[PDB]
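Just one chain is shown here, as structure tokens, and it is the form deposited in one PDB entry.
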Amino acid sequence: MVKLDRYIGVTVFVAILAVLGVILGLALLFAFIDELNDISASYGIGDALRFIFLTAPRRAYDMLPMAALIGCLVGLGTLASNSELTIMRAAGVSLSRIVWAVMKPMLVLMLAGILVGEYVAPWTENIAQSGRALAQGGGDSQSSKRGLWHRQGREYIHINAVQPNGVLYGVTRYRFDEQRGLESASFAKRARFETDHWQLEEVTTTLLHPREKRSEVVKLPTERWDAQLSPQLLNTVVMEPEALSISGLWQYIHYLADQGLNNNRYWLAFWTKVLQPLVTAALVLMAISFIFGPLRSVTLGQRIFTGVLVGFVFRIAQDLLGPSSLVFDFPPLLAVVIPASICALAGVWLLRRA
């Protein structure tokens, strides 16, 4: 069955691609509207556009499981409402063969999703969130909100921005002992990593004797703060855990396992980026089940509306069940397993009733 497979396959594939185009398109727009709130001074409308745009590859990877659902619904309803599926069934073609015919392009779709979310999304997201971090906040010691804070019992530190090549910017640190003589303070400029220690440049460490003396600032272009945090760890810590690649998430999970810190938040992202093909398969199975059942004779508008409503409930569920794995102690694997399993079971049941 070659000609029929190509006809069911081109039709669902063009539709999934068109729905992802509208959804990536609206979402990038809602994002620009939000960014406009903070465009001020350093950030310019033109620069914000680079961030909204270079974060596109990530926004797409996230929406592939929703774009696939809605596109399958539309592109299979355009064949079901024209009575072109009853003909296939009455010619001797089973439902399993139709499901496989729909799935064959979608298996390529999820392969492309894996390749992009592993090789393209981290790079473009890192470039965008490094450029924006540099722009919004290069100038002042505590002003930037993209800055990174680290903790020591003696001292607490803030670095305004980081760049992938090595250059670093804007650091303010306050070091307090129980005694805490205010001998020095910290504000700093560029810190190209200099061998082992970051070189805080143009520091205005505020120097004073606490009980009775004046405070003076001394700036050294070679002043060094040694690295509790190394450069790579610095790249990973600033990045959102969802934006890290799978090969990076595994290394960071095992690194946190070695040091004894909790990595349960980093397991959820790993499972989400690994089990995504299974979630897409479950969603499209449920969509095919919907087409053969309740939505066989409804119009395009009802199918699109039904798709959005079910899709929303799915995402919100995955957002209730996601961060609840930390509030209530259950394995983070269930957070991604449960909703896809529920959708697959519902689709199987509705296919069985036929």
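Heads up, when I say rigid core I mean the largest set of C-alphas that superpose within 1.5 Å between the two forms. Note that residue numbering follows the sequence shown and begins at 1.
Beyond what is shown, the protein has a form deposited in another entry; the following relates to that form.
Visitor: Quick check on the comparison between this form and the one not shown: with the core aligned, only one of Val93, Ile127, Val120, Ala227 should show a Cα shift of at least 2 Å. Which one is it?
Guide: Single hit from the list, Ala227.
Visitor: Superposing on the rigid core, I want to see if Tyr255 changes position between this form and the one not shown - specifically a Cα shift of 2 Å or more.
Guide: No, the C-alpha position differs by under 2 Å between this form and the one not shown.
Visitor: Determine whether the C-alpha of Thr195 shifts by 2 Å or more between this form and the one not shown once the rigid core is superposed.
Guide: For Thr195, whose C-alpha is compared between this form and the one not shown after core superposition, the shift is 2 Å or more.
Visitor: Rigid core fitted, then: does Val218 show a CA shift of 2 angstroms or greater between this form and the one not shown?
Guide: Shift at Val218: 2 Å or more after core fit.
Visitor: So the CA-CA distance for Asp196 and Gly248 moves by at least 3 angstroms in the other entry. Closer or farther than here?
Guide: Closer, not farther.
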